[PDB]
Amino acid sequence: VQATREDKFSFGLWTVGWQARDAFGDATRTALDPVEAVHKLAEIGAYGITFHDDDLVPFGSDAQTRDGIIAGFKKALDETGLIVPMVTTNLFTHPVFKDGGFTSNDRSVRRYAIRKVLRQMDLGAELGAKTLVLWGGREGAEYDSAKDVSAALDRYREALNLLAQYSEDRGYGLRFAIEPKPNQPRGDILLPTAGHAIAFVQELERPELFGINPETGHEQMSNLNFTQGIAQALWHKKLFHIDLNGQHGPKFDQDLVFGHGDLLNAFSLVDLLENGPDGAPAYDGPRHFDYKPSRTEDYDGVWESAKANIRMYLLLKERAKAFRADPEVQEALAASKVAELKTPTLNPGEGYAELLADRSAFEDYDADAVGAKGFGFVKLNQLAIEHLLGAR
């Protein structure tokens, strides 16, 4: 198929621009020019581009240079019609952030980290971005006694409250998306899963402005069900953005093309986002790919991988719809009682008093007979998969 701007496929500058310098080796590709990136991505079907401050403007650029880069960058967007849906700040590369940005043990680093974000918020606001993604990659520890978690959560909250204050007062209208990750680069990162991140956000001053940006690989690094966590995120209404990529369970973060890691879970994820209630998608934000072209590839492999992300999503979408439209699947869903879960356990107006009065819910309930009936889940799964294989 073909991507449309209505699909809202976005990519970070750092994705197709990853030079492939890994933990054990030198870069295998030369640097990617941002203007070219804009052009190349516009060409493959992306509707937007994102970036960290330092991806666009080299750390420690004088004003003139910085200004110079932005102006050229805006031209390219202009020309191509791409937007900047989200912006983020690099609080992990420079040595000063070795112990964190917002929660560094060092107070001077914390103050600096906030200044650095404020400045990116301004550029973001100016480019029309709606979301500020916050990935606290250096927030965490290698040793338990080196970090007071409670104090760290206080300092994290303290920084977020300020950013919300600023944005509201300047009238930027940003939404903030906290990105959880279990480890890498710290032995243990704070807010390790989608869950911890949502619980945290609920403790902020203007919780309505905060959500999460879960990434496929991050949850899989802990062997969690990505689709299920996204389902919980949507239940809470905190899915402000999403990072799509592939991973092969608990190991270093691979950042593969979306659907190149856990294919079955990539399938159910697309089904959840698109086969939303009232026909429509359950999620309307950017479908952002935060992946990395393998170290073994050249610039051609890079564009190939960029396109593979889009094809994977559209092929899966196509099969999720067919699946839902299949009468045999409909019959299987019925036998599995999937929809009976949507009917309240209690009859309208019933409370514990009436439930207690219902002998059929306990005293006269035949648990044994109910326990003998199967749910037909295997058959239902077999049909989903045959839809995925294009075997139906």
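From 1 onward, residues are counted along the sequence shown.
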*On mean C-alpha B-factor from the PDB entry, just flag whether 85-93 or 179-187 is the higher one.*
85-93
_Average Cα temperature factor in the PDB entry - higher stretch of 338-346, 65-73_ = 65-73
*Could you tell me which one of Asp255, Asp243, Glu126, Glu139 shows the highest CA temperature factor in the PDB record?*
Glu126
*According to the deposited entry, which of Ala332, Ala361, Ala27, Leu41 has the largest Cα B-factor?*
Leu41
_Position of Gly171 among the chain's modelled residues by C-alpha B-factor, lowest, middle or highest third_ = highest
*Record-listed C-alpha B factor of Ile385: chain third*: lowest
*Please place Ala372 in the lowest, middle or highest third of its chain by C-alpha B factor as given in the entry.*
highest
_Entry-reported Cα temperature factor of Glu158, expressed as the chain third it lands in_ = middle
*If you rank the chain by CA B-factor, which third does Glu219 end up in: lowest, middle or highest?*
lowest
